[PDB]
Amino acid sequence: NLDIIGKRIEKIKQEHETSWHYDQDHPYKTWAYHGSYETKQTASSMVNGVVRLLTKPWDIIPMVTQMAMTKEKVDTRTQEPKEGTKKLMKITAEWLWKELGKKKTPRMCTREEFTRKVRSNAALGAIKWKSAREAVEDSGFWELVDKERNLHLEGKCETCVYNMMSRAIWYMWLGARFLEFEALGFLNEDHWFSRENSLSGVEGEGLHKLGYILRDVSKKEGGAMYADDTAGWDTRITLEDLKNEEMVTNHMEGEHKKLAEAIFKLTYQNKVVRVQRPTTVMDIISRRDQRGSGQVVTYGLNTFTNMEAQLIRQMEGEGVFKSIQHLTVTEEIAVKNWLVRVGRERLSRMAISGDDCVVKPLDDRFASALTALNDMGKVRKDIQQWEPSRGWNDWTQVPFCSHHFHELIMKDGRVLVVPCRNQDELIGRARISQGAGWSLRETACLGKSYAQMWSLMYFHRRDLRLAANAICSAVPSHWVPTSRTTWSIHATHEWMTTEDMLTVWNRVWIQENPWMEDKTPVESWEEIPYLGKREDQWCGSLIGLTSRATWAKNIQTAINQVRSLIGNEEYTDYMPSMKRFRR
Ligand SMILES: CC1CCN(C(=O)c2cc3ccccc3o2)CC1
Ligand SMILES: [Cl-]
Ligand SMILES: [Zn+2]
Ligand SMILES: [Zn+2]
């Protein structure tokens, strides 16, 4: 307890000795409260004016406009699983880390890799120096990391504290993030959750492949496809989950092993967190369970634990084991022989991205196999605890990573599987920018990032192909796309480029696409088809409305408004790539 968190707690008390007070009005039951000190401090969503001026019909659609305006889950506790549950989880975790390790070598990530990440600008969740980029050069920072690092090898921790701010993001100081990245970065940096290595994973696949992947799961013999979301996944990670995740250190050696064992032991299985309570004060609270790590390591361990949970739900539906209460010795033998005999085949029946999953089990007994899943604390969202899962019968209706997928037949008979979501969501997200101080140039370059993503991923939506052409016509041709349209770890961001978008489309959808046999290049945007007119309207298209027809017909006036604001620059007209503007 305080033997592991004490140093951190006592160090904080000393930097706020003037203010320290053991309050009696602390709203913590499940979190252990330690003390409080004086604070005075808090970034809301800003609108992107380039995208808004070029999407005027949506200015009167509340689903779009409300996206730009702007607890009882973090302060709960999960029961400890039954003994049979613990046994299933240890055996499956042991086996899963062995499978993920067969063709990969755990290894430390480097200052250099971390330096390039911050220099290339990435979302690490950080807080003497003001910018992360500057701290990477001030050797004093690296001496602070060295100081901490040697404490970790001594099995102690001084500065690895969380700043808390169905979401809450646990920021840490850049040095705390370096040491996490050094010890566990390999999981993401070397693609341990790729489909090739994990069979169930989709890390680095890209949104152009997820649909083809769901269609390949559909080709397997079995029952419905199940996509049960969990109710607040990060808050349901048990210390037993944290202990099965830690068994990755069993595959490590030397310094690496000691560094990873201390991240698990001292930051994950024992946390210290500063919450900013308006009543304002800074509470120093602690706890052993729940997820609280870097977003990228959180993705990897979520995928791992979810892969484990879903194989165990599959075992339960196949009657590999009778009850979670206690596992017989012969049932343990059976679970292992099951894993050895068909583990890899059953991983390939899944697509898993963090807390999100699609399972095509052997048959529909999976639907009522709920005891292990509820007893692991992975309670399904929006359905009665003991009510059977509603499956899907068509892979084109299954939700995954906030998308559904359409089969789209090109004029030449070749078959695209394309991602899609309600168009109000796509336009509402492109109208939002994060953070302060953006120039008009930076704003335009973020608008251009969204526009190129739409041209590559959502070309089949009439309204997004037109708006993407308008935005690319309205931003200087040579200005480079900036920021991130998305942070999804499945994403590959082929739209972040100044290459010609028809050249990228051909590479992504034809040349590099293993589901396309005939590699005949497409020569024009007119060869590239749309969803049916009715399919387009069902997924939120404004085609057949008057506001939309005025917008499309007068698009060159909206393009000219934005060109006049940006000023006298080199622009290209992309509207003639569409038939209706081709004179
Ligand atoms: C649900 C149906 C969609 C097609 N309809 C149109 O009126 C239409 C098609 C179209 C294509 C491009 C620009 C405007 C457009 O309007 C009828 C209703
Ligand atoms: Cl269905
Ligand atoms: Zn530490
Ligand atoms: Zn759709």
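Numbering of residues begins at 1 and proceeds along the displayed sequence.
Under the rule for a ring-ring contact (aromatic ring centres under 6.0 Å, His included), the partners of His404 that lie at least two apart in sequence or sit in another chain are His406. Every residue two or more places apart in sequence or in another chain that forms a side chain to side chain donor-acceptor pair (under 3.5 Å) with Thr486 is listed here: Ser488. In this structure, the side chain to side chain donor-acceptor pair (under 3.5 Å) partners of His34, at least two apart in sequence or on a different chain, are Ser286. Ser36 pairs by the side chain to side chain donor-acceptor pair (under 3.5 Å) definition with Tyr33, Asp283, not counting sequence neighbours. Residues satisfying the ring-ring contact (aromatic ring centres under 6.0 Å, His included) criterion with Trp487, sequence neighbours excluded, are absent altogether.
Taking 4.0 Å as the cut-off between side-chain N and carboxylate O, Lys7 and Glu10 do not count as a salt-bridged pair. The pair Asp241-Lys243 does not meet the salt-bridge criterion, since no charged nitrogen lies less than 4.0 angstrom from a carboxylate oxygen. Contact check on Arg107 versus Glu113 returns a salt bridge, with a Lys/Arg side-chain nitrogen under 4.0 Å from an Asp/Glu carboxylate oxygen. A salt bridge links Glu189 with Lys117: the closest approach of a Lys/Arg side-chain nitrogen to an acidic carboxylate oxygen falls below 4.0 angstrom. Between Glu112 and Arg116 there is no salt bridge, since no side-chain N of the basic residue sits under 4.0 Å from a carboxylate O of the acidic one. Between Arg195 and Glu205 there is no salt bridge, since none of the side-chain N atoms of the basic residue sits less than 4.0 Å from a carboxylate O of the acidic one. Between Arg291 and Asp355, no side-chain nitrogen of the basic residue sits less than 4.0 Å from a carboxylate oxygen of the acidic one, so the salt-bridge criterion is not met. Salt-bridge formation is detected for the pair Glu261/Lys257: a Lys NZ or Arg NE/NH1/NH2 atom is positioned less than 4.0 Å from an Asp or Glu carboxylate oxygen. Using a cut-off of 4.0 Å between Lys/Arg side-chain N and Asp/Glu carboxylate O, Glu196 and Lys103 are scored as not salt-bridged. Ionic pairing of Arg414 and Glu517 is not present here: no N-O contact between side-chain nitrogen and carboxylate oxygen is shorter than 4.0 angstrom. Salt-bridge formation is not detected for the pair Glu387/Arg380: no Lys NZ or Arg NE/NH1/NH2 atom is positioned less than 4.0 Å from an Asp or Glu carboxylate oxygen. Remark: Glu345 engages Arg349 in a salt bridge, criterion side-chain N to carboxylate O under 4.0 Å.
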Give the intermediate values and the outcome of salt bridge (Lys or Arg N to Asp or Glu O under 4.0 Å) for residues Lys87 and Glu83.
CA-CA 6 Å; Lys87 195 60 54 159; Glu83 286 313 316; over 6 Å; no
Chi angles and distances behind the ring pair (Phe, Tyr, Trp, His ring centres under 6.0 Å) call for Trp395, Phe405
CA-CA 8 Å; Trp395 65 270; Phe405 303 79; 7.7 Å; no
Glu182 and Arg111: salt bridge (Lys or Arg N to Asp or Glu O under 4.0 Å), yes or no, with the steps?
CA-CA 8 Å; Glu182 170 171 81; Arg111 320 217 158 190; 5.2 Å; no
Given side-chain contact (heavy atoms from CB on, under 4.5 Å), test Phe193 with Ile352 step by step and report yes or no.
CA-CA 9 Å; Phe193 293 105; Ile352 304 197; over 6 Å; no
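Within the 3.5 Å criterion, the main-chain N or O of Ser218 finds a donor-acceptor partner in the side chain of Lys360.
In the model, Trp170 has no side-chain atom that pairs as donor or acceptor with a side-chain atom of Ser293 under 3.5 Å.
Residue pairs meeting the salt bridge (charged side-chain N to carboxylate O under 4.0 Å, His left out) criterion with at least one partner in residues 307-325, sequence neighbours excluded, are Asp228-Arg313, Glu318-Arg346.
Using a 4.5 Å cut-off on side-chain heavy atoms (C-beta onward), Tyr226 and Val358 make no contact.
Taking CD of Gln397 as the start and CH2 of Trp392 as the end, the distance is 7.0 Å to the nearest 0.5 Å.
Other residues, nucleotides and ligands contribute only 12 or fewer heavy atoms inside 6.0 Å of the NZ atom of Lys265. Within 6.0 Å of NZ on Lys104 lie more than 12 heavy atoms contributed by other residues, nucleotides or ligands.
Aromatic ring pairs are classed by plane angle as parallel below 30°, tilted from 30° to 60° and perpendicular above 60°; the pair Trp495 and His493 is tilted. Taking the six-membered ring where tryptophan is involved, the planes of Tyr458 and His460 are perpendicular, since the angle between them exceeds 60° and thus also 30°. Ring geometry for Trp97 against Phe304 counts as parallel: the plane angle stays under 30°, on a 0 to 90° scale with 60° as the upper cut.
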